[PDB]
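Heads up, the thing below is written out as structure tokens.
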Amino acid sequence: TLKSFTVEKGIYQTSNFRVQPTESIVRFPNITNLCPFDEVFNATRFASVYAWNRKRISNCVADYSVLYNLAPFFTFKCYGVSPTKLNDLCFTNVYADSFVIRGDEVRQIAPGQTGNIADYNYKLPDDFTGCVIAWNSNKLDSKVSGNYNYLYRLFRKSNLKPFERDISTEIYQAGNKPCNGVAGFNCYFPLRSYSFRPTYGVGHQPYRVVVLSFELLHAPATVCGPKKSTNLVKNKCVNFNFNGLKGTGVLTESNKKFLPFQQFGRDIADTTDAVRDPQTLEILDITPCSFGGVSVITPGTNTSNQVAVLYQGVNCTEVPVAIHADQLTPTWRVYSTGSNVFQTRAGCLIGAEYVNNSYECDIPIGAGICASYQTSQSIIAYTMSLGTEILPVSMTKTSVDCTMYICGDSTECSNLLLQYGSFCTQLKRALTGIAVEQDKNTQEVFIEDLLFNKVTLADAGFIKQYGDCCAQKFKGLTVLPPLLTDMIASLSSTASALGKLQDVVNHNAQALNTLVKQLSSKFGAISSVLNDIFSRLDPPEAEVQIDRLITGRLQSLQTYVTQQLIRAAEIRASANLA
Amino acid sequence: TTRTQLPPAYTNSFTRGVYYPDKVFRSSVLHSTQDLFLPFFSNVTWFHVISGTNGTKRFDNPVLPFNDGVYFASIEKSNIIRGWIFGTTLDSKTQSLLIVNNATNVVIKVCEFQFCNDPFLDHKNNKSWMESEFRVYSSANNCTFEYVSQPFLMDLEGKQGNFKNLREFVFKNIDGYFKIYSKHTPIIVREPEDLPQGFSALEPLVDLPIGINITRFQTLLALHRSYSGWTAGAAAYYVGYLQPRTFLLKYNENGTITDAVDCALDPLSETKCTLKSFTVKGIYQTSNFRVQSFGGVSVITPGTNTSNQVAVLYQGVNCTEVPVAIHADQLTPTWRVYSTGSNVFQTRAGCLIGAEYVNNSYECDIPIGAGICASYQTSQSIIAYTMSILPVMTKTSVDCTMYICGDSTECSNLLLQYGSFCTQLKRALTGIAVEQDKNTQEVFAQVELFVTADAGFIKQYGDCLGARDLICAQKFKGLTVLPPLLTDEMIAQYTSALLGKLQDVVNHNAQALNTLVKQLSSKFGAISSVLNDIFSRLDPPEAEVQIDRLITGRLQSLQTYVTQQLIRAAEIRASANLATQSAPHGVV
Ligand SMILES: *[C@@H]1O[C@H](CO)[C@@H](O[C@@H]2O[C@H](CO)[C@@H](O[C@@H]3O[C@H](CO)[C@@H](O)[C@H](O)[C@@H]3O)[C@H](O)[C@H]2NC(C)=O)[C@H](O)[C@H]1NC(C)=O
Ligand SMILES: *[C@@H]1O[C@H](CO)[C@@H](O[C@@H]2O[C@H](CO)[C@@H](O)[C@H](O)[C@H]2NC(C)=O)[C@H](O)[C@H]1NC(C)=O
Ligand SMILES: *[C@@H]1O[C@H](CO)[C@@H](O[C@@H]2O[C@H](CO)[C@@H](O)[C@H](O)[C@H]2NC(C)=O)[C@H](O)[C@H]1NC(C)=O
Ligand SMILES: *[C@@H]1O[C@H](CO)[C@@H](O)[C@H](O)[C@H]1NC(C)=O
Ligand SMILES: *[C@@H]1O[C@H](CO)[C@@H](O)[C@H](O)[C@H]1NC(C)=O
């Protein structure tokens, strides 16, 4: 995971281990009677548009595929629920309503939008959990036989409170003065205009509307899905589906003193550590099954391939190497028993054996235990036994071209980014500040061939590439040459103590590599390249796609600038020390 | 019955009227919630019912407005109160609720009634059984809701005496739901006929789905006959209107509310809100005031361990434009602000109220500004005047996938579309840990106070399956603490061979960790804060953006935490370099 075919000796981190679930249990309350749905809606002439009835539905099991398989019933544009997943959710306090309307203006008076009837009486929130279903009445039952439905919503002054009828009646209010007798002002009553098909060659179809309201889930549920129930299993990392609170963990007996009305347990930070079974009234504690971190200890790629493994913060007996029935990284088991597993305050050590010697410390393990490679040759762990000068000067000056880096080869990208204010200039100034401050560091602070030779195995610039190539380049990244050129002017062995000056060069290198690789990130868009997106996509969503791309790239480069400032502070302190 | 009018009395509600707002169970947590409640120390009516004029019935049943709730209670001795009928107009043209208490049946009924002007009930059952007791009305039609159960009160009879019932009821109606909360308790003395200053949790009793429009509050009485006319014993009930508020509750071990605090009553109350604790000495910033000019408000207190006296500083406003009277309004005025009886003094910062400016000078304790400081001194009051160990922190690590995506493989798949945006976080945390290890080696390797807020835990192994502490709760979601390399014993051996400055770092780390773990509850503009519910209710095409918004929010939170950790690490390393006896994560 280090992207290398050789690895120096040390302790490293690769991934984490977790215990997978082995089976599934589902508990749901039992309701013998099937939930009536044809009776509640498929019935005689529906409730009036002005005074629509409401029917509470409770304590029933409903299957909604019957509406699918029977008749057209167009619309059915659910607003906040998956139409297919309706049979997988257990409901609460569901309401049904009977509606009558012409249908010519049904689109405007549709839920979530303003319409004539919608602005007259019936008001809905910005979004509702239920679904709107319009029963498109076909001919010979669409009042083709004759007109009926005396009531109509001819007039209404303004909208009303949410979920309210239109029992308001009486003649229209004359503009000159409030009207009572309709004598000189044509003040009409607000209804009586239904005329379905008396002489209409082309007209409207009855659109009886039903809408639901649900998803509380805090109180005990009443309407619940037709999903079956099985016996429950305790003391195992299993998947549970208690009344809808699906999760993974271990269920155990508990001593919590719930009051009768209380159902769901909670914890310090929004985690259900307790639950009540639907069928049998009993209290259960939930605890996530075991997981932890893994570290690999190696003594050197050239030296030997024998390694050791350290499991972080787990008890050896509970998670040994012989429980590989569901553990992550199944094949990465390290034989059956590599060595005597050892217990440390940090966890479990496998592949090594513990000695009774007090040697000098090496690649370390937590709580004062150091490992070593020693005599045939194997890995040991023990308790540690008590028993020139190099300082950084300044980092490599750098600069970034905002319009080149983000909006490359796209004037339209720059045009759209222009609406983001000026988020490139101030960053340019911020980089320039540390850039010019490095020069004053060098001026304030102020064998050689051997040091120059040793360092130059990993350096940048050299001939500083002032012409043709190189050194990453492109995407508007440049290196500012130092102002003071080389007017500034045991060790020969491989055992070089020059860790400090190599450290800053390395860290800058990985910072630059991370920044340049950030461009390969998709950010969840269709494509990470602007030309392809512009070519084969329309503007309306192209703007939002490029907007998200701009946000991601600017966020990444802001983080890079912040890291540069943080490192520049330390380099400043080190320079002032010297 | 040719009765005369009476003046209703007034009483103080004290610290009563706290009820469980939610069905969940919590323990040892300090939860805060906003809901309708009876404000602490509010005026409550004292409707008193007796056999007036030595046997003349007192029609003390006005048509009280229902409004937004009630705190109906009683200090009743024997069974004399029944009925809480409600209605918009109280006639045959209005749907109305009715609650009788026949023996052991509530008979909660929703029918249109031709209501009696002054309805009552017979506490003594009529002779030959089948007591009529139906003078309350004469006509019933359009019965929608009927409910029968055990009596709404199962209170024991008055028995021999010397003790009385204290039935407490709360009625609430919201969004077509009618909730009835109840609680009972005995009483010791009746000399003032006043509610004792005691907490009272009001458990839920009944919930009804009726969505009837209601605007008025009525009451019934239970008296059989003249034991001329109709007479009974003695009883009394109070009415407390309801308004929205915000409270901080204190769940105990077993999960029962023992005491709560209002959040707008006094300056100390609001300070305890903004600190989320029941104990506070110093200066704190609470809120800001705006005039329908604006400014900020700060509270100066000597410490809850000493006194409840306070003082208020308004920043950037002269004392002229904001006197004490404006507290009757503005939405920043539930305040008392006392008055100008305590002299108001103007400083450079702004307007200070609640302190007296002395003519002396001392070394000051609470810094106000511009050379002015306040202190608690001698009787005793707040007076303002003019003034006259090295840390070395704890290693921490975080897990990307499980924290961002808790037990969801689809969320992991979508996160991998972000690629590697937190491997650098792991590198930064590991480098920081190596940094403190090197600092300890440099400061201690050249050849006992032992404070405990550190405790003697066993590093909190995986055996945490049994409150659940605070470290175990944060152990989940992937926030672990790696153990130090050097144990305390060898540090002591090195020392042998050779306190706020330490507590502040630990407190800062703890509060940062708590903020990070609490940030998960943020909605972030989605419809739910749990991915499982999103999968259950939503299809993938929009669930992906819904999850993406939370992913962006959580990534921002993690990046912020990492930046704060780096900035703190720089300072602690500077201190370690400055530190050129053994203490927990420090030196003396
Ligand atoms: C106090 O007043 C209530 C007012 O309703 C009385 O309610 C009684 O309730 C029961 C059960 O609902 C009724 O029984 C019903 O009718 C017959 C029995 O007569 C039988 O077919 C069933 O048992 C059916 O549920 C009963 O009729 C009804 N009382 C009257 C007078 O109608 C209650 O009995 C009264 N006394 C108490 C609570 O001690
Ligand atoms: C309440 O009951 C009725 C009204 O609901 C009234 O009682 C009678 O009211 C009429 C109205 O003129 C009088 O003529 C009768 O003399 C009243 N009868 C009695 C017995 O008082 C009255 O308003 C109220 N009181 C009573 C006792 O009924
Ligand atoms: C509930 O009250 C309504 C309102 O009076 C009654 O509705 C009446 O029903 C009859 C039956 O055809 C109609 O002729 C009337 O016009 C209706 N009155 C209206 C609409 O105001 C209803 O009957 C009552 N329900 C009962 C008594 O069970
Ligand atoms: C309820 O009825 C009253 C009539 O007393 C009316 O004024 C009010 O608008 C109705 N609705 C509500 C929500 O109060
Ligand atoms: C909780 O209930 C137990 C069981 O009787 C009791 O001993 C204890 O005092 C109660 N209160 C607390 C705070 O534990």
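Please note that chains go A, B, ... in the order of the structure tokens, that every chain numbers its residues from 1, and that ligands are numbered from 1 in the order shown.
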
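Selection of all polymer residues within 10 Å of ligand 5 on the basis of only C-alpha atoms and all ligand atoms gives residues 256 and 257 of chain A; 27, 28, 251, 252, 253, 254, 255, 256 and 258 of chain B.
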
For the residues in the current selection, export C-alpha atoms as a compact mmCIF listing (two decimals), in the first residue's frame.
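Written out: selection_33.txt:
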```
# COMPACT_ATOMS: atom_id res chain seq x y z
CA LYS A 256 -32.68 -0.99 31.88
CA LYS A 257 -35.78 0.19 33.74
CA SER B 27 -29.99 8.30 31.51
CA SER B 28 -27.35 10.54 33.11
CA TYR B 251 -32.18 12.80 33.52
CA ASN B 252 -31.08 10.75 36.53
CA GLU B 253 -29.68 7.22 36.71
CA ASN B 254 -32.99 5.37 36.44
CA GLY B 255 -34.27 7.73 33.74
CA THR B 256 -36.57 9.96 35.78
CA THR B 258 -35.50 15.13 38.95
```

Practice problem: Please return, as a ChimeraX atom specification, all residues of chain A lying within 6 Å of chain B when only C-alpha atoms are considered. | Solution: /A:81-82,262,264-266,313-314,366-368,523

Output the selection as a PDB file, in the first residue's frame - N, CA, C and O atoms for each residue.
```
ATOM      1  N   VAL A  81     -40.997   8.840  -0.915  1.00  0.00           N
ATOM      2  CA  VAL A  81     -40.876   7.415  -0.644  1.00  0.00           C
ATOM      3  C   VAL A  81     -40.710   6.663  -1.958  1.00  0.00           C
ATOM      4  O   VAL A  81     -41.226   7.073  -3.003  1.00  0.00           O
ATOM      5  N   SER A  82     -39.965   5.568  -1.901  1.00  0.00           N
ATOM      6  CA  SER A  82     -39.788   4.723  -3.072  1.00  0.00           C
ATOM      7  C   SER A  82     -41.083   3.977  -3.372  1.00  0.00           C
ATOM      8  O   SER A  82     -41.608   3.283  -2.493  1.00  0.00           O
ATOM      9  N   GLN A 262     -42.209   3.965  27.129  1.00  0.00           N
ATOM     10  CA  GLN A 262     -40.931   4.112  26.445  1.00  0.00           C
ATOM     11  C   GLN A 262     -40.627   2.895  25.580  1.00  0.00           C
ATOM     12  O   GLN A 262     -40.797   1.750  26.006  1.00  0.00           O
ATOM     13  N   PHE A 264     -37.820   3.134  22.505  1.00  0.00           N
ATOM     14  CA  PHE A 264     -36.480   3.118  21.936  1.00  0.00           C
ATOM     15  C   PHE A 264     -35.476   3.652  22.943  1.00  0.00           C
ATOM     16  O   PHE A 264     -35.691   4.708  23.545  1.00  0.00           O
ATOM     17  N   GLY A 265     -34.383   2.929  23.121  1.00  0.00           N
ATOM     18  CA  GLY A 265     -33.290   3.446  23.909  1.00  0.00           C
ATOM     19  C   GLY A 265     -32.410   4.387  23.110  1.00  0.00           C
ATOM     20  O   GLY A 265     -32.357   4.349  21.882  1.00  0.00           O
ATOM     21  N   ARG A 266     -31.711   5.256  23.833  1.00  0.00           N
ATOM     22  CA  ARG A 266     -30.730   6.148  23.231  1.00  0.00           C
ATOM     23  C   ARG A 266     -29.525   6.231  24.152  1.00  0.00           C
ATOM     24  O   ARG A 266     -29.513   5.670  25.250  1.00  0.00           O
ATOM     25  N   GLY A 313      -5.648  -3.052  20.508  1.00  0.00           N
ATOM     26  CA  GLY A 313      -6.738  -2.899  21.458  1.00  0.00           C
ATOM     27  C   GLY A 313      -7.771  -4.003  21.443  1.00  0.00           C
ATOM     28  O   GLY A 313      -8.974  -3.723  21.528  1.00  0.00           O
ATOM     29  N   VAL A 314      -7.334  -5.257  21.331  1.00  0.00           N
ATOM     30  CA  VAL A 314      -8.231  -6.402  21.396  1.00  0.00           C
ATOM     31  C   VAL A 314      -7.616  -7.454  22.306  1.00  0.00           C
ATOM     32  O   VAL A 314      -6.397  -7.534  22.472  1.00  0.00           O
ATOM     33  N   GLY A 366       3.687  -0.143  21.752  1.00  0.00           N
ATOM     34  CA  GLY A 366       3.170   0.670  22.838  1.00  0.00           C
ATOM     35  C   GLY A 366       3.466   0.076  24.202  1.00  0.00           C
ATOM     36  O   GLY A 366       3.658  -1.130  24.357  1.00  0.00           O
ATOM     37  N   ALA A 367       3.533   0.964  25.200  1.00  0.00           N
ATOM     38  CA  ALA A 367       3.694   0.605  26.612  1.00  0.00           C
ATOM     39  C   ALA A 367       5.073   0.013  26.905  1.00  0.00           C
ATOM     40  O   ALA A 367       5.197  -0.974  27.630  1.00  0.00           O
ATOM     41  N   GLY A 368       6.115   0.623  26.349  1.00  0.00           N
ATOM     42  CA  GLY A 368       7.471   0.253  26.697  1.00  0.00           C
ATOM     43  C   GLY A 368       7.906  -1.132  26.283  1.00  0.00           C
ATOM     44  O   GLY A 368       8.634  -1.787  27.033  1.00  0.00           O
ATOM     45  N   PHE A 523     -15.369  13.425  -7.829  1.00  0.00           N
ATOM     46  CA  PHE A 523     -16.288  14.226  -7.021  1.00  0.00           C
ATOM     47  C   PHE A 523     -17.746  13.832  -7.237  1.00  0.00           C
ATOM     48  O   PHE A 523     -18.653  14.614  -6.938  1.00  0.00           O
TER      49      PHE A 523
END
```

Output as CSV one row per residue of chain A within 10 Å of ligand 4: the closest atom pair and its distance in Å to one decimal place, counting only C-alpha atoms and all ligand atoms, sorted by chain and residue number ascending.
```
residue,atom,partner,partner_atom_place_in_ligand_line,distance
A:160,CA,ligand 4,9 (O),9.9
A:161,CA,ligand 4,13 (C),7.7
A:162,CA,ligand 4,13 (C),9.8
A:164,CA,ligand 4,13 (C),9.4
```

Exercise. List every residue of segment 352-539 of chain B that DSSP, applied to the backbone of this structure, assigns to strand (DSSP E), and report them as number ranges by chain.
Key: B: 352-353, 356-362, 366-369, 372-377, 381-387, 390-391, 397-398, 479-480

Resulting file, chosen residues, N, CA and C atoms, as a short mmCIF file (atom, residue, chain, number, x, y, z; two decimals), in the first residue's frame:
```cif
data_model
loop_
_atom_site.label_atom_id
_atom_site.label_comp_id
_atom_site.auth_asym_id
_atom_site.auth_seq_id
_atom_site.Cartn_x
_atom_site.Cartn_y
_atom_site.Cartn_z
N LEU B 352 -22.96 49.09 31.83
CA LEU B 352 -22.93 48.09 32.88
C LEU B 352 -24.07 48.34 33.86
N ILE B 353 -24.83 47.30 34.18
CA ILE B 353 -25.95 47.40 35.11
C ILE B 353 -25.83 46.28 36.13
N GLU B 356 -22.36 48.64 41.73
CA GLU B 356 -22.13 49.97 42.27
C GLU B 356 -20.66 50.32 42.14
N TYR B 357 -20.39 51.50 41.59
CA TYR B 357 -19.02 51.93 41.31
C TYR B 357 -18.42 52.54 42.57
N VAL B 358 -17.45 51.84 43.17
CA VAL B 358 -16.79 52.33 44.37
C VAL B 358 -15.70 53.32 43.99
N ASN B 359 -15.18 54.04 44.97
CA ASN B 359 -14.16 55.06 44.76
C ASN B 359 -12.76 54.56 45.11
N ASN B 360 -12.59 53.27 45.34
CA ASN B 360 -11.31 52.71 45.72
C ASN B 360 -10.66 52.01 44.53
N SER B 361 -9.55 51.32 44.78
CA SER B 361 -8.86 50.56 43.75
C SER B 361 -8.16 49.38 44.40
N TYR B 362 -8.20 48.23 43.72
CA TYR B 362 -7.57 47.01 44.20
C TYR B 362 -6.95 46.28 43.02
N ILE B 366 -12.23 39.88 38.18
CA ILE B 366 -12.96 39.65 36.93
C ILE B 366 -12.65 40.81 35.99
N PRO B 367 -11.88 40.60 34.93
CA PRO B 367 -11.54 41.72 34.04
C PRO B 367 -12.70 42.16 33.18
N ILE B 368 -13.09 43.42 33.30
CA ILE B 368 -14.14 43.97 32.44
C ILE B 368 -13.56 44.59 31.19
N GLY B 369 -12.65 45.54 31.34
CA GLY B 369 -12.02 46.19 30.22
C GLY B 369 -11.80 47.67 30.47
N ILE B 372 -11.13 48.66 33.94
CA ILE B 372 -12.18 48.43 34.92
C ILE B 372 -12.33 46.93 35.15
N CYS B 373 -12.49 46.54 36.41
CA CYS B 373 -12.76 45.16 36.78
C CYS B 373 -13.83 45.13 37.86
N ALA B 374 -14.54 44.01 37.93
CA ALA B 374 -15.59 43.80 38.92
C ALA B 374 -15.18 42.73 39.92
N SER B 375 -15.82 42.75 41.08
CA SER B 375 -15.54 41.76 42.11
C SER B 375 -16.72 41.67 43.07
N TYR B 376 -16.78 40.54 43.77
CA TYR B 376 -17.80 40.30 44.79
C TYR B 376 -17.23 40.65 46.15
N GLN B 377 -17.82 41.64 46.82
CA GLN B 377 -17.25 42.14 48.06
C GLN B 377 -18.33 42.85 48.87
N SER B 381 -22.11 42.48 47.70
CA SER B 381 -22.64 42.85 46.39
C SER B 381 -21.50 42.87 45.38
N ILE B 382 -21.85 43.16 44.14
CA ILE B 382 -20.89 43.25 43.05
C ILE B 382 -20.48 44.71 42.88
N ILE B 383 -19.18 44.97 42.95
CA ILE B 383 -18.64 46.32 42.84
C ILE B 383 -17.60 46.35 41.73
N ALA B 384 -17.65 47.39 40.91
CA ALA B 384 -16.71 47.59 39.83
C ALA B 384 -15.81 48.78 40.15
N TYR B 385 -14.54 48.69 39.77
CA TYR B 385 -13.58 49.74 40.06
C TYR B 385 -12.46 49.69 39.03
N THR B 386 -11.42 50.48 39.27
CA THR B 386 -10.26 50.55 38.40
C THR B 386 -9.11 49.79 39.04
N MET B 387 -8.42 48.97 38.25
CA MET B 387 -7.30 48.20 38.77
C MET B 387 -6.18 49.13 39.20
N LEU B 390 4.96 22.83 32.90
CA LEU B 390 5.02 22.99 31.45
C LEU B 390 4.38 21.80 30.76
N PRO B 391 3.39 22.02 29.89
CA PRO B 391 2.74 20.89 29.22
C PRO B 391 3.66 20.21 28.23
N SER B 397 -6.42 8.77 17.17
CA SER B 397 -6.56 8.27 15.81
C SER B 397 -8.03 8.11 15.48
N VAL B 398 -8.34 8.22 14.19
CA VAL B 398 -9.72 8.19 13.71
C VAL B 398 -9.80 7.20 12.56
N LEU B 479 -12.82 6.45 17.04
CA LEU B 479 -12.01 7.51 17.64
C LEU B 479 -11.26 6.89 18.81
N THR B 480 -10.07 6.38 18.56
CA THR B 480 -9.31 5.65 19.56
C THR B 480 -8.12 6.46 20.03
#
```

Using 9 Å as the limit and counting only C-alpha atoms and all ligand atoms, can you tabulate each residue of chain B that touches ligand 2, with its shortest atom-to-atom distance in Å and the two atoms involved, as a Markdown table?
```
| residue | atom | partner | partner_atom_place_in_ligand_line | distance |
| --- | --- | --- | --- | --- |
| B:1 | CA | ligand 2 | 25 (N) | 6.0 |
| B:2 | CA | ligand 2 | 25 (N) | 8.8 |
| B:115 | CA | ligand 2 | 5 (O) | 8.2 |
| B:116 | CA | ligand 2 | 5 (O) | 5.5 |
| B:117 | CA | ligand 2 | 5 (O) | 4.7 |
| B:118 | CA | ligand 2 | 1 (C) | 5.7 |
| B:119 | CA | ligand 2 | 1 (C) | 8.1 |
```

With a distance cut-off of 9 Å and only C-alpha atoms, select the neighbouring residues of residue 198 of chain A, excluding the residue or stretch itself and same-chain residues fewer than 2 positions from it, and output the selection as a CSV table (one decimal) with C-alpha atoms, in the first residue's frame.
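selection_38.csv, freshly written:
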```
chain,number,residue,atom,x,y,z
A,143,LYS,CA,-70.7,10.8,-15.7
A,144,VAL,CA,-71.2,10.0,-19.3
A,145,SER,CA,-74.7,8.8,-18.4
A,146,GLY,CA,-75.5,12.2,-16.9
A,147,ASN,CA,-74.4,15.0,-14.8
A,195,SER,CA,-71.6,20.0,-15.7
A,196,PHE,CA,-69.5,16.8,-16.3
A,200,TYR,CA,-69.1,18.4,-23.8
A,201,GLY,CA,-67.7,16.7,-26.9
```

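Here the helix (DSSP H, G or I) residues in segment 115-295 of chain A, by DSSP on the backbone, are residues 116, 117, 118, 119 and 120 of chain A.
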
Practice problem: Using only C-alpha atoms, determine which residues lie at most 7 Å from segment 19-26 of chain A, disregarding the query and same-chain residues fewer than 5 positions distant; provide the list as a VMD selection string. | Solution: chain A and resid 229 to 233 237 to 242 289 to 291 326 to 328

Keeping only C-alpha atoms, write those residues as a compact mmCIF listing (two decimals), in the first residue's frame.
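File produced: selection_7.txt:
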```txt
# COMPACT_ATOMS: atom_id res chain seq x y z
CA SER A 229 -41.14 -12.90 11.27
CA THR A 230 -38.50 -15.34 12.51
CA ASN A 231 -37.06 -16.37 15.85
CA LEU A 232 -34.43 -14.07 17.33
CA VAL A 233 -30.80 -14.99 18.03
CA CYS A 237 -22.87 -10.45 15.55
CA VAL A 238 -26.10 -10.65 13.56
CA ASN A 239 -28.30 -8.36 11.47
CA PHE A 240 -31.43 -7.22 13.31
CA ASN A 241 -34.53 -5.56 11.86
CA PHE A 242 -36.52 -4.57 14.95
CA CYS A 289 -19.48 -6.64 17.18
CA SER A 290 -15.71 -6.67 17.40
CA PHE A 291 -13.45 -4.55 15.20
CA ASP A 326 -16.34 -14.32 8.74
CA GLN A 327 -13.32 -12.11 9.52
CA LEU A 328 -12.10 -9.54 7.01
```

Near-ligand residues for ligand 1, threshold 9 Å, only C-alpha atoms and all ligand atoms, as a short mmCIF file (atom, residue, chain, number, x, y, z; two decimals) with N, CA and C atoms, in the first residue's frame:
```cif
data_model
loop_
_atom_site.label_atom_id
_atom_site.label_comp_id
_atom_site.auth_asym_id
_atom_site.auth_seq_id
_atom_site.Cartn_x
_atom_site.Cartn_y
_atom_site.Cartn_z
N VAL B 100 -66.53 11.74 31.46
CA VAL B 100 -67.15 11.36 32.73
C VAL B 100 -66.24 10.38 33.47
N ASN B 101 -66.58 10.09 34.72
CA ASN B 101 -65.85 9.13 35.53
C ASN B 101 -66.80 8.18 36.25
N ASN B 102 -67.74 7.60 35.50
CA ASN B 102 -68.67 6.64 36.10
C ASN B 102 -67.92 5.43 36.63
N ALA B 103 -67.89 5.30 37.96
CA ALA B 103 -67.23 4.20 38.65
C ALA B 103 -65.84 3.94 38.12
N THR B 104 -65.73 3.07 37.11
CA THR B 104 -64.44 2.67 36.56
C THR B 104 -64.47 2.70 35.04
N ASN B 105 -65.04 3.75 34.46
CA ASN B 105 -65.07 3.91 33.01
C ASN B 105 -64.99 5.38 32.65
N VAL B 106 -64.02 5.73 31.79
CA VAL B 106 -63.87 7.11 31.36
C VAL B 106 -65.01 7.52 30.45
N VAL B 107 -65.39 6.65 29.52
CA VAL B 107 -66.47 6.90 28.56
C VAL B 107 -66.16 8.20 27.83
N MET B 130 -78.76 2.39 38.43
CA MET B 130 -78.99 3.02 37.13
C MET B 130 -79.21 4.53 37.29
N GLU B 131 -78.27 5.17 37.97
CA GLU B 131 -78.37 6.60 38.22
C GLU B 131 -78.39 7.38 36.91
N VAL B 148 -63.48 3.65 25.96
CA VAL B 148 -63.74 3.19 27.32
C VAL B 148 -62.51 2.47 27.84
N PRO B 151 -60.62 4.12 34.84
CA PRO B 151 -60.83 5.54 35.11
C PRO B 151 -59.54 6.34 34.94
#
```

Residues of chain A that have any atom at most 12 Å from an atom of ligand 3: could you tabulate them with the shortest-distance atom pair and the distance in Å to one decimal, using only C-alpha atoms and all ligand atoms, ordered by chain and increasing number, as a tab-separated table?
```
residue	atom	partner	partner_atom_place_in_ligand_line	distance
A:48	CA	ligand 3	20 (C)	11.6
A:51	CA	ligand 3	20 (C)	10.6
A:167	CA	ligand 3	20 (C)	10.5
```

Output C-alpha atoms for every residue in that selection, as a PDB file, in the first residue's frame.
```pdb
ATOM      1  CA  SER A  48     -67.001  16.732  -1.649  1.00  0.00           C
ATOM      2  CA  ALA A  51     -65.629  19.216   2.505  1.00  0.00           C
ATOM      3  CA  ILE A 167     -67.034  24.767   4.314  1.00  0.00           C
TER       4      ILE A 167
END
```

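For the set B:213, B:524, B:9, B:555, the residue with the smallest atom-to-atom gap to residue 176 of chain B is B:213, counting only C-alpha atoms.
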
Within 9 Å of segment 455-457 of chain A, counting only C-alpha atoms, which residues qualify if same-chain residues fewer than 3 places away don't, as a short mmCIF file (atom, residue, chain, number, x, y, z; two decimals) with C-alpha atoms, in the first residue's frame?
```
data_model
loop_
_atom_site.label_atom_id
_atom_site.label_comp_id
_atom_site.auth_asym_id
_atom_site.auth_seq_id
_atom_site.Cartn_x
_atom_site.Cartn_y
_atom_site.Cartn_z
CA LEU A 450 30.17 15.65 0.22
CA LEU A 451 26.99 17.16 1.68
CA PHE A 452 26.00 18.57 -1.71
CA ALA A 460 14.58 19.49 -7.84
CA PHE A 462 19.14 21.74 -10.90
CA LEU A 498 20.59 14.04 7.18
CA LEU A 501 16.74 18.42 5.57
CA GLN A 502 15.45 15.46 3.56
#
```

Self-check item: Neighbour list for residue 582 of chain B as a VMD selection string, cut-off 10 Å, only C-alpha atoms, skip fewer than 4 positions in-chain
Solution: chain B and resid 444 448 to 450 488 491 to 496 586 to 588

Deliver the residues from the most recent selection as a file, using C-alpha atoms, as a PDB file, in the first residue's frame.
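Listed below is the output, part.pdb:
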```pdb
ATOM      1  CA  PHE B 444      13.110  13.173  29.493  1.00  0.00           C
ATOM      2  CA  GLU B 448       3.711  13.210  43.479  1.00  0.00           C
ATOM      3  CA  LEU B 449      -0.203  15.477  43.054  1.00  0.00           C
ATOM      4  CA  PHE B 450      -0.484  12.333  40.943  1.00  0.00           C
ATOM      5  CA  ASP B 488       5.069   6.208  33.892  1.00  0.00           C
ATOM      6  CA  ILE B 491       9.679   8.211  33.393  1.00  0.00           C
ATOM      7  CA  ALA B 492       9.920   8.128  37.185  1.00  0.00           C
ATOM      8  CA  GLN B 493      13.182   6.191  36.871  1.00  0.00           C
ATOM      9  CA  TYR B 494      14.559   8.909  34.580  1.00  0.00           C
ATOM     10  CA  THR B 495      13.481  11.594  37.051  1.00  0.00           C
ATOM     11  CA  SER B 496      15.140   9.684  39.901  1.00  0.00           C
ATOM     12  CA  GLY B 586       3.704  17.556  31.514  1.00  0.00           C
ATOM     13  CA  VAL B 587       6.634  18.515  33.703  1.00  0.00           C
ATOM     14  CA  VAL B 588       7.003  20.654  36.817  1.00  0.00           C
TER      15      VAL B 588
END
```
